[PDB]
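Listing of data.cif, mmCIF, C-alpha atoms and all ligand atoms; chains and numbers go by the auth columns
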data_model
#
loop_
_atom_site.group_PDB
_atom_site.id
_atom_site.type_symbol
_atom_site.label_atom_id
_atom_site.label_comp_id
_atom_site.label_asym_id
_atom_site.label_seq_id
_atom_site.Cartn_x
_atom_site.Cartn_y
_atom_site.Cartn_z
_atom_site.B_iso_or_equiv
_atom_site.auth_seq_id
_atom_site.auth_asym_id
ATOM 1 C CA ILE A 1 69.157 95.127 149.165 0.00 1 O
ATOM 2 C CA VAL A 2 72.637 95.353 150.695 0.00 2 O
ATOM 3 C CA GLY A 3 75.637 94.431 148.557 0.00 3 O
ATOM 4 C CA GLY A 4 73.608 93.963 145.373 0.00 4 O
ATOM 5 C CA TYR A 5 73.702 95.532 141.933 0.00 5 O
ATOM 6 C CA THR A 6 71.498 97.816 139.889 0.00 6 O
ATOM 7 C CA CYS A 7 69.143 95.438 138.061 0.00 7 O
ATOM 8 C CA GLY A 8 68.526 97.593 135.012 0.00 8 O
ATOM 9 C CA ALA A 9 65.200 99.125 134.097 0.00 9 O
ATOM 10 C CA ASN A 10 62.377 96.592 133.726 0.00 10 O
ATOM 11 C CA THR A 11 64.712 93.599 133.802 0.00 11 O
ATOM 12 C CA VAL A 12 62.652 92.064 136.652 0.00 12 O
ATOM 13 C CA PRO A 13 59.238 92.420 135.037 0.00 13 O
ATOM 14 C CA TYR A 14 57.247 90.637 137.772 0.00 14 O
ATOM 15 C CA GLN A 15 58.559 92.969 140.498 0.00 15 O
ATOM 16 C CA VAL A 16 55.935 95.315 141.920 0.00 16 O
ATOM 17 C CA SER A 17 56.098 98.224 144.332 0.00 17 O
ATOM 18 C CA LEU A 18 53.258 98.574 146.837 0.00 18 O
ATOM 19 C CA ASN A 19 52.523 102.246 147.350 0.00 19 O
ATOM 20 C CA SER A 20 50.382 103.986 149.985 0.00 20 O
ATOM 21 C CA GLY A 21 51.682 107.499 149.285 0.00 21 O
ATOM 22 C CA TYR A 22 55.235 106.089 149.170 0.00 22 O
ATOM 23 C CA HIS A 23 56.838 102.721 148.465 0.00 23 O
ATOM 24 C CA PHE A 24 56.485 100.414 151.487 0.00 24 O
ATOM 25 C CA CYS A 25 56.858 96.821 150.204 0.00 25 O
ATOM 26 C CA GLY A 26 57.600 94.718 147.192 0.00 26 O
ATOM 27 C CA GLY A 27 55.490 92.015 145.617 0.00 27 O
ATOM 28 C CA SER A 28 55.358 89.667 142.647 0.00 28 O
ATOM 29 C CA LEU A 29 52.871 89.657 139.771 0.00 29 O
ATOM 30 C CA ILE A 30 51.570 86.098 139.364 0.00 30 O
ATOM 31 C CA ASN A 31 48.859 86.705 136.742 0.00 31 O
ATOM 32 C CA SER A 32 47.222 89.740 135.143 0.00 32 O
ATOM 33 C CA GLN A 33 44.996 90.290 138.219 0.00 33 O
ATOM 34 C CA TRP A 34 46.982 89.102 141.257 0.00 34 O
ATOM 35 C CA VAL A 35 50.091 89.932 143.256 0.00 35 O
ATOM 36 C CA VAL A 36 51.824 87.833 145.940 0.00 36 O
ATOM 37 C CA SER A 37 53.460 89.677 148.845 0.00 37 O
ATOM 38 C CA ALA A 38 54.209 89.194 152.558 0.00 38 O
ATOM 39 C CA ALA A 39 51.378 89.202 155.093 0.00 39 O
ATOM 40 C CA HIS A 40 53.425 91.652 157.152 0.00 40 O
ATOM 41 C CA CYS A 41 52.924 94.096 154.249 0.00 41 O
ATOM 42 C CA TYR A 42 49.165 94.185 154.831 0.00 42 O
ATOM 43 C CA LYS A 43 47.527 97.594 155.103 0.00 43 O
ATOM 44 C CA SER A 44 44.537 99.345 153.537 0.00 44 O
ATOM 45 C CA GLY A 45 44.834 101.816 150.637 0.00 45 O
ATOM 46 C CA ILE A 46 47.341 99.919 148.516 0.00 46 O
ATOM 47 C CA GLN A 47 48.175 100.989 144.988 0.00 47 O
ATOM 48 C CA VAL A 48 50.133 98.412 143.019 0.00 48 O
ATOM 49 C CA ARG A 49 52.843 99.944 140.833 0.00 49 O
ATOM 50 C CA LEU A 50 53.981 97.726 137.968 0.00 50 O
ATOM 51 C CA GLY A 51 56.670 98.423 135.362 0.00 51 O
ATOM 52 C CA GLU A 52 58.750 100.454 137.835 0.00 52 O
ATOM 53 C CA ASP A 53 62.432 101.195 137.813 0.00 53 O
ATOM 54 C CA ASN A 54 62.958 104.608 139.437 0.00 54 O
ATOM 55 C CA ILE A 55 60.076 104.758 141.928 0.00 55 O
ATOM 56 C CA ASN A 56 60.386 108.573 142.162 0.00 56 O
ATOM 57 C CA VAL A 57 60.179 109.357 138.415 0.00 57 O
ATOM 58 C CA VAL A 58 57.506 108.526 135.839 0.00 58 O
ATOM 59 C CA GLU A 59 59.660 106.883 133.152 0.00 59 O
ATOM 60 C CA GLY A 60 56.929 105.613 130.828 0.00 60 O
ATOM 61 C CA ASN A 61 56.456 101.883 131.464 0.00 61 O
ATOM 62 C CA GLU A 62 54.475 102.078 134.704 0.00 62 O
ATOM 63 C CA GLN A 63 50.989 100.810 135.363 0.00 63 O
ATOM 64 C CA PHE A 64 49.373 102.082 138.570 0.00 64 O
ATOM 65 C CA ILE A 65 46.412 99.949 139.676 0.00 65 O
ATOM 66 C CA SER A 66 44.586 100.074 143.007 0.00 66 O
ATOM 67 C CA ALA A 67 43.980 96.907 145.019 0.00 67 O
ATOM 68 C CA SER A 68 40.355 95.756 145.181 0.00 68 O
ATOM 69 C CA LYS A 69 40.958 93.068 147.824 0.00 69 O
ATOM 70 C CA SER A 70 43.762 91.746 149.966 0.00 70 O
ATOM 71 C CA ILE A 71 43.771 88.261 151.470 0.00 71 O
ATOM 72 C CA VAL A 72 46.224 87.533 154.263 0.00 72 O
ATOM 73 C CA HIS A 73 46.949 83.831 154.747 0.00 73 O
ATOM 74 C CA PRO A 74 44.425 82.342 157.198 0.00 74 O
ATOM 75 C CA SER A 75 47.205 81.021 159.453 0.00 75 O
ATOM 76 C CA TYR A 76 49.530 84.035 159.414 0.00 76 O
ATOM 77 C CA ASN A 77 51.022 84.693 162.845 0.00 77 O
ATOM 78 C CA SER A 78 52.490 88.199 163.071 0.00 78 O
ATOM 79 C CA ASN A 79 54.625 87.356 166.128 0.00 79 O
ATOM 80 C CA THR A 80 56.482 84.384 164.618 0.00 80 O
ATOM 81 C CA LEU A 81 55.923 85.391 160.967 0.00 81 O
ATOM 82 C CA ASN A 82 54.807 81.840 160.229 0.00 82 O
ATOM 83 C CA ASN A 83 52.788 81.814 156.969 0.00 83 O
ATOM 84 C CA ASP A 84 54.004 85.279 155.941 0.00 84 O
ATOM 85 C CA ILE A 85 52.104 85.490 152.662 0.00 85 O
ATOM 86 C CA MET A 86 49.296 87.636 151.268 0.00 86 O
ATOM 87 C CA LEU A 87 47.443 87.888 147.947 0.00 87 O
ATOM 88 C CA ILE A 88 46.372 91.221 146.462 0.00 88 O
ATOM 89 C CA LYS A 89 43.804 91.479 143.671 0.00 89 O
ATOM 90 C CA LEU A 90 44.045 94.371 141.225 0.00 90 O
ATOM 91 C CA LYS A 91 40.961 96.461 140.413 0.00 91 O
ATOM 92 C CA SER A 92 41.726 96.002 136.710 0.00 92 O
ATOM 93 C CA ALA A 93 43.943 93.568 134.829 0.00 93 O
ATOM 94 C CA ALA A 94 47.504 94.638 134.112 0.00 94 O
ATOM 95 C CA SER A 95 48.534 94.859 130.490 0.00 95 O
ATOM 96 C CA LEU A 96 51.189 92.190 130.077 0.00 96 O
ATOM 97 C CA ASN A 97 54.240 92.871 127.921 0.00 97 O
ATOM 98 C CA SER A 98 58.040 92.306 128.044 0.00 98 O
ATOM 99 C CA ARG A 99 58.434 94.805 130.894 0.00 99 O
ATOM 100 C CA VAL A 100 55.346 93.801 132.889 0.00 100 O
ATOM 101 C CA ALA A 101 55.066 90.039 133.174 0.00 101 O
ATOM 102 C CA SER A 102 53.897 87.400 135.610 0.00 102 O
ATOM 103 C CA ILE A 103 56.275 85.005 137.376 0.00 103 O
ATOM 104 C CA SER A 104 55.465 81.274 137.416 0.00 104 O
ATOM 105 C CA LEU A 105 54.564 79.535 140.669 0.00 105 O
ATOM 106 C CA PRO A 106 56.756 76.569 141.582 0.00 106 O
ATOM 107 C CA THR A 107 55.617 73.017 140.833 0.00 107 O
ATOM 108 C CA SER A 108 58.319 71.759 143.174 0.00 108 O
ATOM 109 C CA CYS A 109 60.268 73.242 146.059 0.00 109 O
ATOM 110 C CA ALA A 110 63.857 74.374 145.529 0.00 110 O
ATOM 111 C CA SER A 111 66.857 72.796 147.262 0.00 111 O
ATOM 112 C CA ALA A 112 69.691 74.303 149.265 0.00 112 O
ATOM 113 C CA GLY A 113 72.386 75.418 146.858 0.00 113 O
ATOM 114 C CA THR A 114 69.902 76.636 144.239 0.00 114 O
ATOM 115 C CA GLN A 115 70.842 80.067 142.916 0.00 115 O
ATOM 116 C CA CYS A 116 68.135 82.703 143.095 0.00 116 O
ATOM 117 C CA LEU A 117 67.494 86.348 142.309 0.00 117 O
ATOM 118 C CA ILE A 118 66.252 88.633 145.094 0.00 118 O
ATOM 119 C CA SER A 119 65.160 92.172 144.256 0.00 119 O
ATOM 120 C CA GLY A 120 63.739 95.334 145.785 0.00 120 O
ATOM 121 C CA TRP A 121 63.894 99.003 146.690 0.00 121 O
ATOM 122 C CA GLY A 122 64.928 98.429 150.290 0.00 122 O
ATOM 123 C CA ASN A 123 67.768 99.899 152.314 0.00 123 O
ATOM 124 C CA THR A 124 71.208 99.418 150.761 0.00 124 O
ATOM 125 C CA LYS A 125 73.174 99.940 154.017 0.00 125 O
ATOM 126 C CA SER A 126 73.838 97.396 156.801 0.00 126 O
ATOM 127 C CA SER A 127 74.816 100.198 159.167 0.00 127 O
ATOM 128 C CA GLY A 128 72.924 103.406 158.554 0.00 128 O
ATOM 129 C CA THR A 129 70.205 104.041 156.016 0.00 129 O
ATOM 130 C CA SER A 130 70.048 104.785 152.297 0.00 130 O
ATOM 131 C CA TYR A 131 67.053 104.081 150.120 0.00 131 O
ATOM 132 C CA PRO A 132 67.560 103.691 146.390 0.00 132 O
ATOM 133 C CA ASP A 133 65.383 105.041 143.638 0.00 133 O
ATOM 134 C CA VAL A 134 66.074 102.257 141.142 0.00 134 O
ATOM 135 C CA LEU A 135 65.543 98.534 141.569 0.00 135 O
ATOM 136 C CA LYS A 136 68.390 96.569 143.177 0.00 136 O
ATOM 137 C CA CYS A 137 69.181 92.897 142.633 0.00 137 O
ATOM 138 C CA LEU A 138 71.099 90.190 144.474 0.00 138 O
ATOM 139 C CA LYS A 139 72.083 86.710 143.349 0.00 139 O
ATOM 140 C CA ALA A 140 72.016 84.404 146.368 0.00 140 O
ATOM 141 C CA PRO A 141 71.848 80.687 147.092 0.00 141 O
ATOM 142 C CA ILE A 142 69.292 78.922 149.236 0.00 142 O
ATOM 143 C CA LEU A 143 70.953 77.737 152.458 0.00 143 O
ATOM 144 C CA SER A 144 70.506 74.349 154.115 0.00 144 O
ATOM 145 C CA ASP A 145 67.739 73.918 156.665 0.00 145 O
ATOM 146 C CA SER A 146 70.337 72.969 159.276 0.00 146 O
ATOM 147 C CA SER A 147 72.388 76.132 158.739 0.00 147 O
ATOM 148 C CA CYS A 148 69.225 78.260 158.743 0.00 148 O
ATOM 149 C CA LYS A 149 68.127 76.724 162.050 0.00 149 O
ATOM 150 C CA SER A 150 71.625 77.111 163.499 0.00 150 O
ATOM 151 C CA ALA A 151 71.570 80.805 162.553 0.00 151 O
ATOM 152 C CA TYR A 152 68.149 81.374 164.141 0.00 152 O
ATOM 153 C CA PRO A 153 67.576 78.919 167.001 0.00 153 O
ATOM 154 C CA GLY A 154 63.908 78.305 167.692 0.00 154 O
ATOM 155 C CA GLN A 155 62.601 80.526 164.879 0.00 155 O
ATOM 156 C CA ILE A 156 62.660 78.656 161.556 0.00 156 O
ATOM 157 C CA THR A 157 59.453 76.829 160.652 0.00 157 O
ATOM 158 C CA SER A 158 58.749 74.467 157.764 0.00 158 O
ATOM 159 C CA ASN A 159 57.321 77.511 155.927 0.00 159 O
ATOM 160 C CA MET A 160 60.631 79.402 155.896 0.00 160 O
ATOM 161 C CA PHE A 161 64.029 79.145 154.267 0.00 161 O
ATOM 162 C CA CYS A 162 67.237 81.120 154.506 0.00 162 O
ATOM 163 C CA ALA A 163 69.107 82.455 151.495 0.00 163 O
ATOM 164 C CA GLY A 164 72.247 84.520 151.241 0.00 164 O
ATOM 165 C CA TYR A 165 75.715 84.438 152.675 0.00 165 O
ATOM 166 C CA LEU A 166 76.780 83.402 156.166 0.00 166 O
ATOM 167 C CA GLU A 167 79.858 85.631 155.839 0.00 167 O
ATOM 168 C CA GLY A 168 77.536 88.645 155.630 0.00 168 O
ATOM 169 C CA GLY A 169 77.788 91.610 153.279 0.00 169 O
ATOM 170 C CA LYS A 170 74.943 90.659 150.904 0.00 170 O
ATOM 171 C CA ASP A 171 71.285 90.450 151.979 0.00 171 O
ATOM 172 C CA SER A 172 67.796 91.823 151.631 0.00 172 O
ATOM 173 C CA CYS A 173 66.885 94.636 153.996 0.00 173 O
ATOM 174 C CA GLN A 174 64.115 96.956 155.243 0.00 174 O
ATOM 175 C CA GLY A 175 61.779 97.904 152.385 0.00 175 O
ATOM 176 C CA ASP A 176 62.465 94.703 150.413 0.00 176 O
ATOM 177 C CA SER A 177 59.646 93.019 152.398 0.00 177 O
ATOM 178 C CA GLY A 178 57.179 91.125 150.264 0.00 178 O
ATOM 179 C CA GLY A 179 59.401 91.013 147.204 0.00 179 O
ATOM 180 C CA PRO A 180 60.483 88.052 145.100 0.00 180 O
ATOM 181 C CA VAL A 181 63.046 85.306 145.407 0.00 181 O
ATOM 182 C CA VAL A 182 63.091 83.711 141.936 0.00 182 O
ATOM 183 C CA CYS A 183 65.014 80.544 141.166 0.00 183 O
ATOM 184 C CA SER A 184 65.090 78.920 137.719 0.00 184 O
ATOM 185 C CA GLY A 185 62.197 81.121 136.611 0.00 185 O
ATOM 186 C CA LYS A 186 59.894 80.202 139.538 0.00 186 O
ATOM 187 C CA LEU A 187 58.810 82.247 142.543 0.00 187 O
ATOM 188 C CA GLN A 188 60.257 80.232 145.429 0.00 188 O
ATOM 189 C CA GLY A 189 60.408 82.883 148.147 0.00 189 O
ATOM 190 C CA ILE A 190 59.009 86.103 149.557 0.00 190 O
ATOM 191 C CA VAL A 191 61.204 88.526 151.510 0.00 191 O
ATOM 192 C CA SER A 192 60.016 87.954 155.086 0.00 192 O
ATOM 193 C CA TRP A 193 62.458 88.765 157.918 0.00 193 O
ATOM 194 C CA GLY A 194 65.976 88.818 159.272 0.00 194 O
ATOM 195 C CA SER A 195 68.075 90.236 162.069 0.00 195 O
ATOM 196 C CA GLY A 196 69.567 93.514 160.927 0.00 196 O
ATOM 197 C CA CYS A 197 70.830 93.165 157.353 0.00 197 O
ATOM 198 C CA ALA A 198 73.921 91.536 155.871 0.00 198 O
ATOM 199 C CA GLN A 199 75.308 90.575 159.289 0.00 199 O
ATOM 200 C CA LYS A 200 77.559 87.556 159.734 0.00 200 O
ATOM 201 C CA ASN A 201 75.590 84.344 160.379 0.00 201 O
ATOM 202 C CA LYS A 202 72.267 86.187 159.985 0.00 202 O
ATOM 203 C CA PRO A 203 71.035 85.552 156.435 0.00 203 O
ATOM 204 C CA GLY A 204 67.632 86.684 155.244 0.00 204 O
ATOM 205 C CA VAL A 205 64.606 84.510 155.862 0.00 205 O
ATOM 206 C CA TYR A 206 62.009 83.938 153.167 0.00 206 O
ATOM 207 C CA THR A 207 58.484 82.521 152.989 0.00 207 O
ATOM 208 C CA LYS A 208 58.578 79.083 151.342 0.00 208 O
ATOM 209 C CA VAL A 209 56.177 79.694 148.433 0.00 209 O
ATOM 210 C CA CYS A 210 56.002 76.083 147.257 0.00 210 O
ATOM 211 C CA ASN A 211 54.003 75.260 150.422 0.00 211 O
ATOM 212 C CA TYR A 212 51.286 77.726 149.383 0.00 212 O
ATOM 213 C CA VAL A 213 50.656 76.914 145.725 0.00 213 O
ATOM 214 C CA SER A 214 47.416 75.026 146.411 0.00 214 O
ATOM 215 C CA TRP A 215 46.103 77.885 148.561 0.00 215 O
ATOM 216 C CA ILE A 216 47.116 80.483 145.968 0.00 216 O
ATOM 217 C CA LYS A 217 45.444 78.622 143.106 0.00 217 O
ATOM 218 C CA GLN A 218 42.197 77.901 144.939 0.00 218 O
ATOM 219 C CA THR A 219 42.024 81.457 146.317 0.00 219 O
ATOM 220 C CA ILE A 220 42.434 82.925 142.835 0.00 220 O
ATOM 221 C CA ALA A 221 39.858 80.472 141.434 0.00 221 O
ATOM 222 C CA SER A 222 37.140 81.758 143.798 0.00 222 O
ATOM 223 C CA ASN A 223 37.984 85.468 144.179 0.00 223 O
HETATM 224 O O1 LIG B . 65.155 94.353 159.718 0.00 301 C
HETATM 225 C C1 LIG B . 65.043 93.562 158.583 0.00 301 C
HETATM 226 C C2 LIG B . 63.845 93.569 157.864 0.00 301 C
HETATM 227 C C3 LIG B . 63.723 92.779 156.713 0.00 301 C
HETATM 228 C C4 LIG B . 62.409 92.805 155.945 0.00 301 C
HETATM 229 F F1 LIG B . 61.524 93.682 156.484 0.00 301 C
HETATM 230 F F2 LIG B . 61.858 91.585 155.859 0.00 301 C
HETATM 231 F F3 LIG B . 62.634 93.137 154.671 0.00 301 C
HETATM 232 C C5 LIG B . 64.823 92.007 156.312 0.00 301 C
HETATM 233 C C6 LIG B . 65.984 92.044 157.070 0.00 301 C
HETATM 234 N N1 LIG B . 66.088 92.800 158.177 0.00 301 C
HETATM 235 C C7 LIG B . 67.077 91.162 156.493 0.00 301 C
HETATM 236 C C8 LIG B . 66.276 90.248 155.546 0.00 301 C
HETATM 237 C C9 LIG B . 65.015 91.059 155.130 0.00 301 C
HETATM 238 CA CA CA B . 58.799 105.171 137.923 0.00 302 C
#

Write out the structure in this file as structure tokens.
Amino acid sequence: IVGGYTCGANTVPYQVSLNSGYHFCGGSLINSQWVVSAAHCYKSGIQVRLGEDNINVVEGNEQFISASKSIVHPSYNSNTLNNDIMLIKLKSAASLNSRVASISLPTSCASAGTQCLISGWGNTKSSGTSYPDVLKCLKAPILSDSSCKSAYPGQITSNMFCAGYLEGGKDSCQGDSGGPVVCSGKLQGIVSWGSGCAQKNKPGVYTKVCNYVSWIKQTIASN
């Protein structure tokens, strides 16, 4: 996250870190057994780390649970990033409490202008590289479809939305991939892609979660 703020320990209780020896992606806890992330975060050997603030220090609220199964969306295209969504099942159920909590799926899509919270352990620099230990947060509005398409000619599908600031300075960045965009207490987006970070007229692009609720529910119901 570039241009954000330190969230505070366990203030984003649905935020997960995906770890394969090191943090490589975020995700969102959606029930005691299941995490939503980006399809571009797929790999084998995932350990889900819940209750994290400093990802380099055991602070006492963590739960570390290996994935038993990952399910990349059937229509994910890794070239265009269309349908950039994945489900990860935990080997055991997380213990839910104030600091480890699921985030509600949307019942309706969110409109341009809606204020959201984006979070992660990604790069905090737009030029150069610095990776934080503690969770970073950014308040950002959803941008209009027309301004998203103007920013990225030929690249924005009906399964994507832009959020952020056309002036630049505030954005998600490398390592935030797969993490949450939460608006009015609902998971509306997944950190998907951009062009650099925090550049003028290049806001972050997010998977449009409301399009996937049926798939998420029926996948969970049978897996
Ligand atoms: O190179 C990147 C990679 C990402 C990623 F990987 F989706 F997090 C992002 C940006 N730029 C800006 C929005 C999120
Ligand atoms: Ca920790």

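For the structure shown here, the set of residues caught by the PyMOL selection byres (((chain O and resi 1-9) around 6) and not hetatm) is residues 10, 11, 53, 122, 123, 124, 125, 135, 136, 137, 138, 169, 170, 171, 172 and 173 of chain O.
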
Residue subset to file, keeping C-alpha atoms, as a tab-separated table (two decimals), in the coordinates of the input:
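Saved the output as selection19.tsv:
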chain	number	residue	atom	x	y	z
O	10	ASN	CA	62.38	96.59	133.73
O	11	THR	CA	64.71	93.60	133.80
O	53	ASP	CA	62.43	101.20	137.81
O	122	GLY	CA	64.93	98.43	150.29
O	123	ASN	CA	67.77	99.90	152.31
O	124	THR	CA	71.21	99.42	150.76
O	125	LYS	CA	73.17	99.94	154.02
O	135	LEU	CA	65.54	98.53	141.57
O	136	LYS	CA	68.39	96.57	143.18
O	137	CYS	CA	69.18	92.90	142.63
O	138	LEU	CA	71.10	90.19	144.47
O	169	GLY	CA	77.79	91.61	153.28
O	170	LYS	CA	74.94	90.66	150.90
O	171	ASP	CA	71.28	90.45	151.98
O	172	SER	CA	67.80	91.82	151.63
O	173	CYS	CA	66.89	94.64	154.00

Residue IDs satisfying the PyMOL selection byres (((chain O and resi 80) around 12) and not hetatm), as a PyMOL selection string: chain O and resi 39-40+75-79+81-84+154-157+159-160+192-194+205+207

Write out, as a PDB file, keeping the file's coordinate frame, the residues just selected, with C-alpha atoms.
ATOM      1  CA  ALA O  39      51.378  89.202 155.093  1.00  0.00           C
ATOM      2  CA  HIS O  40      53.425  91.652 157.152  1.00  0.00           C
ATOM      3  CA  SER O  75      47.205  81.021 159.453  1.00  0.00           C
ATOM      4  CA  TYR O  76      49.530  84.035 159.414  1.00  0.00           C
ATOM      5  CA  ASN O  77      51.022  84.693 162.845  1.00  0.00           C
ATOM      6  CA  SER O  78      52.490  88.199 163.071  1.00  0.00           C
ATOM      7  CA  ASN O  79      54.625  87.356 166.128  1.00  0.00           C
ATOM      8  CA  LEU O  81      55.923  85.391 160.967  1.00  0.00           C
ATOM      9  CA  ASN O  82      54.807  81.840 160.229  1.00  0.00           C
ATOM     10  CA  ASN O  83      52.788  81.814 156.969  1.00  0.00           C
ATOM     11  CA  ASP O  84      54.004  85.279 155.941  1.00  0.00           C
ATOM     12  CA  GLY O 154      63.908  78.305 167.692  1.00  0.00           C
ATOM     13  CA  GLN O 155      62.601  80.526 164.879  1.00  0.00           C
ATOM     14  CA  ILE O 156      62.660  78.656 161.556  1.00  0.00           C
ATOM     15  CA  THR O 157      59.453  76.829 160.652  1.00  0.00           C
ATOM     16  CA  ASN O 159      57.321  77.511 155.927  1.00  0.00           C
ATOM     17  CA  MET O 160      60.631  79.402 155.896  1.00  0.00           C
ATOM     18  CA  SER O 192      60.016  87.954 155.086  1.00  0.00           C
ATOM     19  CA  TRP O 193      62.458  88.765 157.918  1.00  0.00           C
ATOM     20  CA  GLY O 194      65.976  88.818 159.272  1.00  0.00           C
ATOM     21  CA  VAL O 205      64.606  84.510 155.862  1.00  0.00           C
ATOM     22  CA  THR O 207      58.484  82.521 152.989  1.00  0.00           C
TER      23      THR O 207
END

Picked residues, the PyMOL selection byres (((chain O and resi 111) around 10) and not hetatm), expected as a ChimeraX atom specification: /O:108-110,112-115,141-145,161

Among the residues O:18, O:38, O:48, O:140, the one that comes closest to residue 178 in chain O [using all atoms listed in the file]: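 Checking each candidate against residue 178 in chain O, we get O:38 as the closest.
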
Residues within 12 Å of residue 97 in chain O, all atoms listed in the file, excluding chain neighbours under 6 positions, as a PyMOL selection string: chain O and resi 10+13-14+32+50-51+61-63

Residues near residue 17 in chain O, cut-off 7 Å, only C-alpha atoms, skip fewer than 2 positions along chain, as a list in words: residues 15, 19, 23, 25, 26, 27, 48, 49 and 50 of chain O

Closest pair table for chain O residues within 6 Å of ligand CA 302 (chain C), only C-alpha atoms and all ligand atoms, as a Markdown table:
| residue | atom | partner | partner_atom | distance |
| --- | --- | --- | --- | --- |
| O:52 | CA | C:CA302 | CA | 4.7 |
| O:53 | CA | C:CA302 | CA | 5.4 |
| O:54 | CA | C:CA302 | CA | 4.5 |
| O:55 | CA | C:CA302 | CA | 4.2 |
| O:56 | CA | C:CA302 | CA | 5.7 |
| O:57 | CA | C:CA302 | CA | 4.4 |
| O:58 | CA | C:CA302 | CA | 4.2 |
| O:59 | CA | C:CA302 | CA | 5.1 |
